[PDB]
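Below: one structure, written as structure tokens.
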Ligand SMILES: Nc1ncnc2c1ncn2[C@@H]1O[C@H](COP(=O)(O)OP(=O)(O)O)[C@@H](O)[C@H]1O
Ligand SMILES: Nc1ncnc2c1ncn2[C@@H]1O[C@H](COP(=O)(O)OP(=O)(O)O)[C@@H](O)[C@H]1O
Ligand SMILES: Nc1ncnc2c1ncn2[C@@H]1O[C@H](COP(=O)(O)OP(=O)(O)O)[C@@H](O)[C@H]1O
């Protein structure tokens, strides 16, 4: 039968059926709970909203993401997320549909262990599997080599791969992503008079970040331009009107990606860790990687980030190589398409984890060679 | 069985049975007492009049409202009011009908405590409840969101509500209502040479305020008109003839609702407190409220107050949000109709306060979440 | 010559000369304007009262604080505040006296820029500087590490500092302070029959909040005590007699500091934000902070807030660390003493901003490395 693919992720869960060309269901991976008393009794005020319902009801809710940085901290909210997914978005019973789940590399083992435990016991899936998001993003691009830089909402990582073989000893993971960038935007939108403190308006700052922010090709010259001229200011109307104006922030914010020291982290930027992960690899297979830099995730949607990344990585790397960057136009959902392709394959039929073998060997089956 | 819905309020008590479409009884919430000696014995002259008979006998009585500003200051007179209500207007025994009671928010807890105690012990009701007048007014309007502005005789308040959840921290109460407007009208009718000092004549000024007063859509141009022309003066016959004529007053009086500085108050006007109450709520629910202003109470009956309220609240609000004001034609009794609706519901049946549980826990039951 | 130290703040402005041991001038940072017409001509009624004369004339004024939450919204009134300060409290000319200005962190740049512009142009100072209130409070305490929790009238913040270096990314700001607590006290003093609505009566409620309120070391047991016993009620005579009595409120009010959800705010309490700010700093330097949790500001004057703070923060923190809380008896003016010390130093001489530099580089000099 048809296999299911579920990309839990942070910020946005995206689920659908294998073999398709786009994910059928996408909605925010948030959970809401009311925070006022309620006086008009009988209106069916459910004690928990999920996904887009909470997104629409925010004004009376307190939003709580259940996956912080690739790791799950609340398993009740995550169970509710999965149940709402299956029974409202896909409207399919998991009784006969094997699912494909994803996680960031170097994650705690308990996360995937309990994920499989729950998927087998509570939802009773006939089979399942757990892949690494970067390999899925690569399979989506129809290659077999190339360093990949998946950067979503919680985590950022590099997985250098060659001919289908991934080098785990050079995986570099950075815990700076779109969420820390939204936090920095909320930090620096206060030097213009505006304030955002509620978790219902962190979503608003997130929308502003998506709409108006871009990347500076030369951060110093662009900062000087913002200082002298004023062409960069762009307006934005909050959901009650009172249009705001932001200037320097539009590129001051995602510059944190290239200099994490802005928000108090000691680590290096995106391009530096990329070049490092390359230099950790064998001296024979670095040119293929320089040629096949693959970008994915939602945070790599920034206008012009490709040119900036290329300039920085050419500044760092030698000058006699050819530095390419694969930034497809639909890169955001590349992980889901890669998962769908990996599922719809014919060689994959012995990679699943059947419920028989799960009951026979427990939740430690994923760390076993049946990955 | 059928439940009673008693909306005490100031100025006019309105009682009746649940499930109906209008209150069965409405009469002035006054208590009269004779103030002369009487010489024709054998009449059986009562020792205290109440309600409509007091209104009819004013010329020999001294009228005394027992609820001043949402709070009850005389409990003997309010006991008499409730007794006369039940045994003469509705002619029903409270021994077999649970009743519903209302009050303005931010009232002293003693008021509702003693209301509950008296309704339980003295009248021996089988059950009861105490609702907030604004939420009942919203019930009658057939919504589940929308800031409401109830304006009765002694109290005026705003309760912003969203999906049945009301925000208690953005409630704004004002102690300027129809009674202070009657006092102002009595004050300014003394420049036209007319005098009113008695409590039997405050009723006359009240009838004048109801029949002739209106709201100035543009106060400055309307004052200029009242200076230049004379087209506005509408006559009025006092109960002994001697027709009076009033000019500027017809709109000079209810402007106090928009500028309390006329009578020495420091708080803002109706529209500014509404806008403030809106600005205290979350930034994501403001547009629904702007769209769903609800009005109630008798003081929102002034001809033209809706257009004036809309103009002011638009001048204060942003220029992109659409501002509505839901002023039904029967808005005056929205509180009672909403109370009847709340009573005749099916989920409301376990929300009462039983005499058993009351005798078990005392009058402090209402402060308990059994509200 | 001697350097001037001016601490604007909300609630109380405190100015004086460097090197002293107490501020020479403290008066309420209010501005009062008359609100009645006046009939006795020739009495020389000025057109705007300022400071303590406004406090003494309140009964005929409308008070208007010009600094709401660390930010200034009326610059005319603040200009008048500074003028009155220099020419009546200190009676000194700013023509040769460099001054020291303070502000809460994460403030809009416009407030500071215009403060600098006005101090240079209008008052014509020879030099000036703008420091952060928390670092001043720290310098007053003779340390160089330890996080500080300054909590005045309009703003509350945390600044983790280590060996003179302050971590900017772990600063936590909260917009809940003494003013919101006075608002809550005015909110809950209405469930006892008393009403306070005028802006001249907010001062009275403020004095009540200062004299009678305290913190409950165990809120639930204290609420139970207030329910059962009555030993807690303390009387208070309003300026015309009619002594009031308050019970539960005495500790119900400053509990908002530990649960902002009481007044509709979503952020966490004092102790939670403190612990978060600690968990945001490096792992190797948390013990010094736990050991040196400095307090300051006027809102930390509440009787017993230290024991409650320590109990809560130990409940949140690990159990093997020593959790001290430095709370000097004179912390209320620690910011001004710290400013006086900073000025009285010998290394601070090249940190000012001379009028030459300002006329050469404009008001944007404060954002420049000459801070
Ligand atoms: N056009 C855009 N510009 C900038 N940021 C974006 C854009 N689109 C999405 N994002 C960011 O990407 C994040 C979503 O991450 P996502 O790719 O869903 O993670 P995952 O792939 O692990 O589910 C959001 O938090 C959002 O801030
Ligand atoms: N058509 C009208 N025009 C002006 N004022 C009115 C009108 N109808 C009622 N009022 C005023 O409304 C008041 C009655 O308030 P009401 O709505 O009965 O308060 P509650 O509902 O709390 O009892 C009266 O004092 C009267 O002055
Ligand atoms: N003993 C006290 N008890 C309770 N509150 C106090 C006490 N002393 C001062 N306050 C509060 O502190 C506030 C003054 O804050 P302050 O420290 O002057 O701020 P700033 O230093 O920024 O001017 C006042 O509003 C008052 O309510």
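By Swiss-Prot numbering, chain B shows 7-377, in order.
Structure determined by electron microscopy, 3.5 Å.
Backbone N, Cα and C atoms are what each Cβ position is placed from, and that goes for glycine too.
Summarising the annotation, Swiss-Prot assigns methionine (R)-sulfoxide to B:46 (among others). According to its DSSP assignment, residue B:46 (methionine (R)-sulfoxide) is coil. The Cβ of residue B:46 (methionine (R)-sulfoxide) has 6 neighbouring Cβ atoms from other residues within 10 Å, across all protein chains displayed.
Here Swiss-Prot flags B:49 (among others) as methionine (R)-sulfoxide, drawing on similarity to another entry. Non-local contacts of residue B:49 (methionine (R)-sulfoxide) by the CB criterion (under 8 A, 6+ apart in sequence, same chain) are absent.
Among the features that Swiss-Prot reports, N6-malonyllysine is placed at B:63, with the record citing similarity to another entry. Around residue B:63 (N6-malonyllysine), taking its Cβ as the centre, 15 other Cβ atoms fall within 10 Å, counting all chains.
Annotated tele-methylhistidine per Swiss-Prot: B:75, in sequence order. The Cβ of residue B:75 (tele-methylhistidine) has 20 neighbouring Cβ atoms from other residues within 10 Å, across all protein chains displayed.
In the shown protein chains, 17 other C-beta atoms lie within 10 A of the C-beta of residue B:86 (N6-methyllysine). Marked as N6-methyllysine by Swiss-Prot on the basis of similarity to another entry: B:86.
Remark: secondary structure over the region 'Interaction with alpha-actinin' (B:112-125) totals 11 helix, 0 strand, 3 coil, with classes taken from DSSP. Swiss-Prot lists B:112-125 (among others) with the feature region 'Interaction with alpha-actinin', giving similarity to another entry as the kind of evidence.
Residues annotated as region 'Interaction with alpha-actinin' in Swiss-Prot: B:360-372 (among others). Counting residues 6+ beyond its ends, the region 'Interaction with alpha-actinin' (B:360-372) has Cβ neighbours under 8 Å at 118-120, 122-123, 126, 130-133, 136 in the same chain.
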Distance, residue B:63 (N6-malonyllysine) to residue B:86 (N6-methyllysine) (CA atoms, angstrom): 17
Modified residues among B:46, B:75, B:86 whose Cβ lies under 8 Å from any chain A Cβ: none
Distance [Cα-Cα, Å, rounded] between residue B:75 (tele-methylhistidine) and residue B:46 (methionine (R)-sulfoxide): 38
Per DSSP, three-state class assigned to residue B:75 (tele-methylhistidine): coil
Assigned conformation of residue B:63 (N6-malonyllysine) - DSSP reduced to three states: helix
For the region 'Interaction with alpha-actinin' (B:360-372), the number of residues DSSP places in helix, strand and coil: 10 helix, 1 strand, 2 coil
Alpha-carbon distance [residue B:46 (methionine (R)-sulfoxide); residue B:63 (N6-malonyllysine)] in Å: 16
